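Here the structure is laid out as structure tokens; the discussion comes afterwards.
There are 2 protein chains.
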Amino acid sequence: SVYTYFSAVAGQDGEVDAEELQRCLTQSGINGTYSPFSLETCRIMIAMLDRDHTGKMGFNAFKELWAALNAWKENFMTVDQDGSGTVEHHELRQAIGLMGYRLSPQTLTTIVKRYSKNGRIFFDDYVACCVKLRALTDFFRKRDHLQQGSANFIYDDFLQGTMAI
Amino acid sequence: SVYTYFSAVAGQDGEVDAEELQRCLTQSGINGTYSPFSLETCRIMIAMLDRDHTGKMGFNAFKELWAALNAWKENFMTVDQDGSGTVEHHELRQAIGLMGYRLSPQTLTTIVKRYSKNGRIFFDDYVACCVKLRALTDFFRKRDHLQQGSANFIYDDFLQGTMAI
Ligand SMILES: [Ca+2]
Ligand SMILES: [Ca+2]
Ligand SMILES: [Ca+2]
Numbered sequence: 053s054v055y056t057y058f059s060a061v062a063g064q065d066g067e068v069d070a071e072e073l074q075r076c077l078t079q080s081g082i083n084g085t086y087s088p089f090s091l092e093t094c095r096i097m098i099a100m101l102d103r104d105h106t107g108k109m110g111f112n113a114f115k116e117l118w119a120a121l122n123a124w125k126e127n128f129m130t131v132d133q134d135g136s137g138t139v140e141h142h143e144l145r146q147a148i149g150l151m152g153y154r155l156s157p158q159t160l161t162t163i164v165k166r167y168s169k170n171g172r173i174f175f176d177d178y179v180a181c182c183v184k185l186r187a188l189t190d191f192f193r194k195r196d197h198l199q200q201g202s203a204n205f206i207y208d209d210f211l212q213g214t215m216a217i
Numbered sequence: 053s054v055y056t057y058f059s060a061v062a063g064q065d066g067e068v069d070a071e072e073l074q075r076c077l078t079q080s081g082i083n084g085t086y087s088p089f090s091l092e093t094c095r096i097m098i099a100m101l102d103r104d105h106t107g108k109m110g111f112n113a114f115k116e117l118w119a120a121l122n123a124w125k126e127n128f129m130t131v132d133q134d135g136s137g138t139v140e141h142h143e144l145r146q147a148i149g150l151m152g153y154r155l156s157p158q159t160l161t162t163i164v165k166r167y168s169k170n171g172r173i174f175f176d177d178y179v180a181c182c183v184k185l186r187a188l189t190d191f192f193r194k195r196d197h198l199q200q201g202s203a204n205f206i207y208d209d210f211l212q213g214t215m216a217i
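These protein sequence lines are chains A and B, in that order.
In UniProt numbering, each number is its position in the first sequence, counted from 1, plus 52.
In UniProt numbering, each number is its position in the second sequence, counted from 1, plus 52.
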């Protein structure tokens, strides 16, 4: 069980940091034949749910992450129509739609260019993208309760929410 | 010159991607006895100046980056008053002030937690921090029309500016 691996890598504090999380996820086999997650992707995964700002992730938060990772993995396989093991612009656009985001062509362009390596978006980068989209949206939503699609941010708040990710 | 190193790694399009930039900067000696830059840091250095959204860096952008890196390098030497080769909370506070940014102790704490390892911020992470602070502050300033320290953002705009870095 992935939960058994969590316990095995948790260490003395019963919670995982980026490095421990990377070990747990790699042992889980969630990445299949794709490359394991990078330390950076695991760090952002933690930042996404680090409500207490401790740089670590508790088990209950991990259950939420695991659920999200499996949904994102299915989306990846769904949109990877050519089975390249990489997500191209039109595929990523589809995945973004599957996740519920309504983004402009330019934003999509920016995202593809930012996450591409040698021309392609591999699983690790794809997941990192999904994580950041969710983390940034969580922050934005706290300033957009009416869900109007706009929000005011004081500079300091803006940096706190974005620099933490 | 550093531009000689740029020309040595530049692609046939006269630009460099994150990996080619990494090689150029390693040859430049901007780090001295410090470590080379991580791929992630080089990727955001490119993003910071990717005004034409090509995911690559041309000569003009590199010259701008080189100037910024030297500014950040000099600031690093200035604030690392105990010669630890690393920047601690108090020292980063000074550096952020030298960069012309005014943030709260709370935001400072968020930044230190994000980039420090055992209380120390090493060169690569320090530069990554400087890059993101500049990029996000410039993005915020563009929307802060009245220059009052607060700005309203359309959701998609917010995501493009933040996902870009
Ligand atoms: Ca632990
Ligand atoms: Ca594909
Ligand atoms: Ca120091």
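For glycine and all other residues, C-beta sits at the position ideal for the given N, C-alpha and C.
In chain B, which residues lie less than 7 angstroms from residue i when you measure between Cβ atoms?
i	result
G152(A)	Chain B residues near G152(A): none, gap ~12 angstroms exceeds 7 angstroms.
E92(A)	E92
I206(A)	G201 and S202
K184(A)	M215
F192(A)	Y207 and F210
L198(A)	None at all; the shortest Cβ gap to chain B is about 12 angstroms.
Terminal residues of the continuous beta strand (DSSP E) containing residue i?
i	result
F89(A)	First-last for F89(A): undefined, no H or E at that position.
Start and end of the alpha helix (DSSP H) containing residue i?
i	result
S168(B)	Segment: none, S168(B) is in no alpha helix (DSSP H) and carries neither H nor E.
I148(B)	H141 to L150
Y153(A)	Segment: none, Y153(A) is in no alpha helix (DSSP H) and carries neither H nor E.
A216(B)	Looking at the DSSP string, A216(B) is not in any alpha helix (DSSP H), and its letter there is neither H nor E.
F58(B)	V54 to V61
Report the partner residues of residue i according to the DSSP bridge assignment.
i	result
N204(A)	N204(B)
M109(B)	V68(B)
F174(B)	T138(B)
For a contact meaning CB atoms closer than 7 angstroms, what does residue i contact in chain A?
i	result
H105(B)	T161, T162 and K165
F111(B)	The contacting residues do not exist; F111(B) stays about 19 angstroms from chain A at best.
Name the chain A residues whose beta carbon is nearer than 9 angstroms to that of residue i?
i	result
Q158(B)	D208 and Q212
Name, please, each residue of chain A whose Cβ falls closer than 8 angstroms to the Cβ of residue i.
i	result
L188(B)	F210, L211, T214 and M215
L155(B)	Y207, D208 and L211
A99(B)	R166
Taking Cβ-Cβ distances shorter than 8 angstroms, what residues in chain B pair up with residue i?
i	result
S168(A)	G107
Beta-carbon of residue i versus every beta-carbon of chain D: anything under 7 angstroms?
i	result
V183(A)	The chain labelled as chain D is not found among the protein chains of the depicted structure, namely A and B.
Between the region 100 to 119 of chain B and the region 139 to 150 of chain B, are three or more C-beta pairs nearer than 8 angstroms?
-> The region 100 to 119 of chain B, when compared against the region 139 to 150 of chain B, does not touch it at the 8 angstroms Cβ threshold.
Whose beta carbon lies closer than 6 angstroms to any heavy atom of ligand 3, going through the chain in order?
-> Taking each Cβ in turn, the ones that pass are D132(B), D134(B), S136(B), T138(B), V139(B), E140(B) and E143(B).
Touch test, the region 174 to 183 of chain A against the region 194 to 208 of chain B, Cβ-Cβ under 8 angstroms, three pairs minimum = Contact between the region 174 to 183 of chain A and the region 194 to 208 of chain B is absent, because fewer than three Cβ pairs lie under 8 angstroms.
Chain-ordered residues, beta carbon under 6 angstroms from a heavy atom of ligand 1 = Spelled out in chain order, the answer is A62(A), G63(A), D65(A), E67(A), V68(A), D69(A) and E72(A).
Counting pairs of Cβ atoms below 8 angstroms between the region 63 to 74 of chain A and the region 89 to 101 of chain A, do you hit three or more?
-> The way I'd put it, the region 63 to 74 of chain A does touch the region 89 to 101 of chain A; three or more beta-carbon pairs between them come closer than 8 angstroms.
Report yes or no: do three or more beta-carbon pairs, one from the region 191 to 202 of chain B and one from the region 162 to 172 of chain B, lie closer than 8 angstroms?
-> As far as the Cβ criterion goes, the region 191 to 202 of chain B does not touch the region 162 to 172 of chain B, which means the pair count is below three.
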